[PDB]
Each structure stands twice: as C-alpha cells, then as structure tokens.
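I have placed the structure first, in the form of structure tokens, so that the comments after it can refer back to it.
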Amino acid sequence: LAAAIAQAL
C-alpha cells in the first residue's frame with residue numbers, strides 16, 4: 001500500500 005505514496009510523488 002505504501003508504494004501509493006511513492007508513485008504519487
């Protein structure tokens with residue numbers, strides 16, 4: 001789920 005952040009930015 002954390003990779004959502006990575007992708008967002």
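Numbering starts fresh at 1 for the residues of each chain in the structure tokens, the chains themselves are lettered A, B, ... in the order given, and ligands are numbered from 1 as they appear.
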Based on the backbone DSSP call, show me all residues of chain A assigned alpha helix (DSSP H), as a short mmCIF file (atom, residue, chain, number, x, y, z; two decimals) with N, CA and C atoms, in the first residue's frame.
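Dumped to selection_22.cif:
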```
data_model
loop_
_atom_site.label_atom_id
_atom_site.label_comp_id
_atom_site.auth_asym_id
_atom_site.auth_seq_id
_atom_site.Cartn_x
_atom_site.Cartn_y
_atom_site.Cartn_z
N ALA A 3 3.52 2.06 -1.51
CA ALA A 3 4.02 2.48 -2.81
C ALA A 3 3.08 3.48 -3.48
N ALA A 4 1.86 3.61 -2.98
CA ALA A 4 0.94 4.65 -3.44
C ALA A 4 1.58 6.05 -3.33
N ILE A 5 2.27 6.21 -2.21
CA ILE A 5 2.94 7.47 -1.90
C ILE A 5 4.03 7.70 -2.90
N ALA A 6 4.86 6.69 -3.07
CA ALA A 6 5.99 6.76 -3.95
C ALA A 6 5.55 7.17 -5.35
N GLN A 7 4.48 6.53 -5.81
CA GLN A 7 4.00 6.81 -7.16
C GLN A 7 3.44 8.23 -7.23
N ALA A 8 2.62 8.60 -6.25
CA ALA A 8 2.05 9.93 -6.18
C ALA A 8 3.03 11.08 -6.45
#
```
